[PDB]
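Reckoned from all heavy atoms, side chains included, excluding hydrogens, waters and symmetry mates. So you know, we letter chains A, B, ... as the sequences are listed, proteins then strands, and number each from 1. Every number for a ligand or one of its atoms is a count from 1 in the order of the listing.
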2 protein chains.
Amino acid sequence: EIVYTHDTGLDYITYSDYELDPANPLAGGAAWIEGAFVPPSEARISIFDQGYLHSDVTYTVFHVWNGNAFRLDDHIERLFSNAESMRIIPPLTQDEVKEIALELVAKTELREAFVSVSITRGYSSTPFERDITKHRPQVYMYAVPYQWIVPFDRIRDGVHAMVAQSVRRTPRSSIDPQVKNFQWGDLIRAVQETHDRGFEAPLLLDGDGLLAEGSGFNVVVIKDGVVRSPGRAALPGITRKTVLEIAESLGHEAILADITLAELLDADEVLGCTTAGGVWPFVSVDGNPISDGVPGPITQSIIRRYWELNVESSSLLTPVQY
Amino acid sequence: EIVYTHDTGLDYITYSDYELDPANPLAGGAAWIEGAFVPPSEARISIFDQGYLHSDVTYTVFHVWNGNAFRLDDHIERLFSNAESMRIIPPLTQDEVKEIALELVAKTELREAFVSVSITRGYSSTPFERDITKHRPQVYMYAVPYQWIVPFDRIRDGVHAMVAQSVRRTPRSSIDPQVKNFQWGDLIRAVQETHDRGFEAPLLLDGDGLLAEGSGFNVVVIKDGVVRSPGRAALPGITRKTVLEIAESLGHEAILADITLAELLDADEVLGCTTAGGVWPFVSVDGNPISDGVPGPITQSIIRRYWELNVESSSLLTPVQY
Ligand SMILES: *Cc1c(COP(=O)(O)O)cnc(C)c1O
Ligand SMILES: *Cc1c(COP(=O)(O)O)cnc(C)c1O
């Protein structure tokens, strides 16, 4: 009943050839909550958790591909940095979190996986707790089959983006978008605007009217061989990071920068990236084509290379011990 | 073990004189989740609920005092209005929600209770669902003992406030603060700034530098007998609404308006209000006293009247059927 492979129609993206074990009750998906490994149907958290009642929680998502977790080190580092930005003291060490998460994946038997690790301020206290020692933070994880924000044919042919105008990306003076978080009020409004206006993906602007990010993904713009991505109102993504390293390795200048609306529209190429789906082209904005409306050459070589980095031996990869 | 009453030291606030049934496992605390009435230790929601993973959820909190719910219809009306603002279609009617919530309180036996009702977009889908009919929203409730945002002595003596400078209330163009929500990034940052600077409660400003609201409460400013409260960056509180009704009853003009920092500091009186604690004075701001730094006559009149409205038979009350 669980779907854990596809035929992708892409040479450079291939799932692993294997069968889940029917006698394993965590096969195909599972969670780690409060010290126990559980099936998805049991993956529940206290309604009193502040991560629910005040979204007082940060998180990351890493993926596993062909049995190796991608940049797990970077992910857990960011997670802990983000927790610290919120004054949340993780109850586990980074190495303990890595060990538990890898074992969680191991128990699902999943070779291609989406793994969420969230850390909340816990359910033993309220925001009005004067005594910070009373807080009891929780780590909650789950691992499920790799999820694609964008379909395979759209990785190959491109997506039609829209610049949201009913909403702007929450400012850092209210909620820091460089700390990964569950407070998606603005991102969901943008998705809803996408539905209303008949487009496929929202790109948001910041309060200064400059390019920010999308709904769960960063945006990258290419112009005369120079590869740029918003530095400010944008999560420092690990896919983005990888994309800029790829660009540099291909001979292109690659930088975080402020990008105007005009520059977005005038781009030779535009692309999107996030852990849940990888990298894909954006071939139009607001119904206007980007160049000739087909995925650009530099975009295609970044995509192919990103998927090669998922499979080549390197320090980017941590193998799961099934 | 459960604390459900207090000696308050205030003549106008008195808890009911009763004992819980020790043989009733829901006594003193319970939740309603997915059709089941449960004790607090079994009150859990799916971690895949978009109300956690994307804070895609609105709520309200109503209280029960001496066995009567206070302004229950305004609350559920507001909750359904807020849900509509988010395009969440409640899976129950307003009347069904009232019936369940009152039954929940009955089973707890609490005569003085805090009751949360939240509605999420549910766990059967993600924000990347093209087909919006596949969303299955969830209503989650809990009822626990009445919760006081400020201690009794500070209702009497007044609270020392602080205008936050490290943070602004989230703009309406990102997350609408007139829709009650769990996305407290900014509110919590304002509270943390309160710890850092050594004050008791935060008041935020909006992006225009005008008075917004507090972390879980509305602010009201009184000057030459005129009672004003921020109209824009502030939740339309049912407590606020009651305060202005009371204010009109006493002969004062009472309005929603834009309030400056300078007006805040020059006020004759300032107070705070919310469901979880009632009404209370703010006797200083950033260390500067408001007037003579003791609670003012109008505020004291409001507070006393609010507590009479919690007790006198009127259309504002709905009895719990114990
Ligand atoms: C997950 C996410 C990204 C991408 O981060 P990766 O580390 O590449 O997964 C970008 N923006 C937002 C808002 C996100 O939630
Ligand atoms: C709950 C709340 C209030 C007060 O609303 P009531 O209807 O009086 O409870 C004010 N501001 C915020 C941000 C809130 O969450």
Side-chain angles (χ1 to χ4, degrees), chain A residues 53-54 58-63 70-71 74-75 78-79 82 114-116 127 147 149 169-170 175-184 186-187 190 202-204 212-220 229-230 233-243 272-279 306, chain B residues 53-54 58-63 70-71 74-75 78-79 82 114-116 127 147 149 169-170 175-184 186-187 190 202-204 212-220 229-230 233-243 272-279 306:
Chain A
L53 300 179
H54 314 284
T58 184
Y59 81 116
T60 201
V61 176
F62 69 91
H63 82 262
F70 189 76
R71 311 189 76 145
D74 292 336
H75 276 285
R78 187 182 69 193
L79 177 63
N82 286 0
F114 170 112
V115 189
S116 172
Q147 306 206 74
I149 194 171
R169 192 72 184 94
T170 306
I175 307 176
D176 188 351
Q178 301 196 355
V179 167
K180 206 167 169 57
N181 70 67
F182 282 162
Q183 296 174 74
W184 275 44
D186 59 323
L187 301 183
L203 304 184
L204 289 87
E213 69 186 337
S215 279
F217 63 84
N218 298 115
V219 66
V220 174
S229 194
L235 186 77
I238 305 297
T239 322
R240 179 185 80 178
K241 180 184 196 181
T242 306
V243 166
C273 62
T274 191
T275 290
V279 182
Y306 168 81
Chain B
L53 305 177
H54 308 286
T58 185
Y59 78 119
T60 193
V61 172
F62 72 90
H63 78 272
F70 187 77
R71 308 191 79 145
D74 295 328
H75 270 287
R78 186 178 67 193
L79 170 69
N82 287 353
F114 169 112
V115 186
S116 170
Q147 293 200 104
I149 195 164
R169 194 80 178 86
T170 299
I175 304 170
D176 183 355
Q178 301 195 4
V179 171
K180 211 160 157 58
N181 66 65
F182 288 160
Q183 300 174 69
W184 278 43
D186 61 322
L187 298 185
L203 303 181
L204 291 82
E213 63 182 341
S215 57
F217 61 84
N218 283 127
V219 65
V220 168
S229 191
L235 188 82
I238 301 309
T239 318
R240 188 187 70 187
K241 180 190 198 196
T242 303
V243 164
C273 63
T274 187
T275 296
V279 181
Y306 175 80

Which of the numbered atoms in ligand 2 are under 4.0 angstrom from any heavy atom belonging to B:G237? 5 (O), 6 (P), 7 (O), 8 (O)

Ligand-residue contact atoms, ligand 1 with A:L235, heavy atoms, under 4.0 Å: 2 (C), 3 (C), 5 (O), 10 (C), 11 (N)

Ignoring hydrogens, what is the shortest heavy-atom contact between A:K180 and A:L235? Give both atom names and the distance. N-CD1, 3.4 Å

Atom 1 (C) of ligand 1: the protein heavy-atom neighbour that sits closest, reported with distance to 0.1 Å: A:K180 NZ, 2.0 Å

Using every non-hydrogen atom in the two residues, find where B:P230 and B:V219 come nearest and quote the distance to one decimal. CD-O, 3.1 Å

Taking the six-membered ring for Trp, is the centroid-to-centroid distance between A:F70 and A:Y306 below 6.0 Å? yes

Heteroatom proximity flag, B:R240 to ligand 2, N/O under 3.5 Å: no

Would you say the side chains of B:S229 and B:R240 form a donor-acceptor pair under 3.5 Å? no

For A:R78 and ligand 1, does the shortest N/O to N/O distance drop below 3.5 Å? yes

Looking at A:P202, is its backbone amide N or carbonyl O close enough to the side chain of A:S215 to form a donor-acceptor pair, meaning the two atoms are under 3.5 Å apart? no

How far does OG1 of A:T60 sit from CG of A:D74, to the nearest 0.5 angstrom? 9.5 Å

Find all atoms of ligand 1 within a distance of less than 4.0 Å from any non-hydrogen atom belonging to A:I238, and give their numbers and elements. 6 (P), 7 (O), 8 (O)

Please report whether ligand 1 has a polar contact with A:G216, defined as an N or O pair separated by less than 3.5 Å (distance criterion only). no

Atom 8 (O) of ligand 1: nearest protein contact (heavy atom, Å): A:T239 OG1, 2.6 Å

Identify the two heavy atoms, one from A:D176 and one from A:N181, that lie closest to each other, and give their separation to 0.1 Å. O-ND2, 3.7 Å

For atom 4 (C) of ligand 2, closest protein heavy-atom neighbour: B:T274 OG1, 3.5 Å

Would you tell me which option among B:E213, B:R71, B:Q178 has the nearest heavy-atom contact to atom 13 (C) of ligand 2? B:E213

Any N/O of A:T275 closer than 3.5 Å to an N/O of ligand 1? yes

Mark the output for A:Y59 as yes if a heavy-atom distance to ligand 1 is under 4.0 Å, and as no if none is. yes

Give a yes or no on whether the backbone of A:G216 and the side-chain of A:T274 come within a donor-acceptor separation of less than 3.5 Å. yes

Any side-chain heavy-atom pair of A:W184 and A:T170 under 4.5 Å: no

Find all atoms of ligand 1 within a distance of less than 4.0 Å from any non-hydrogen atom belonging to A:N218, and give their numbers and elements. 4 (C), 10 (C)

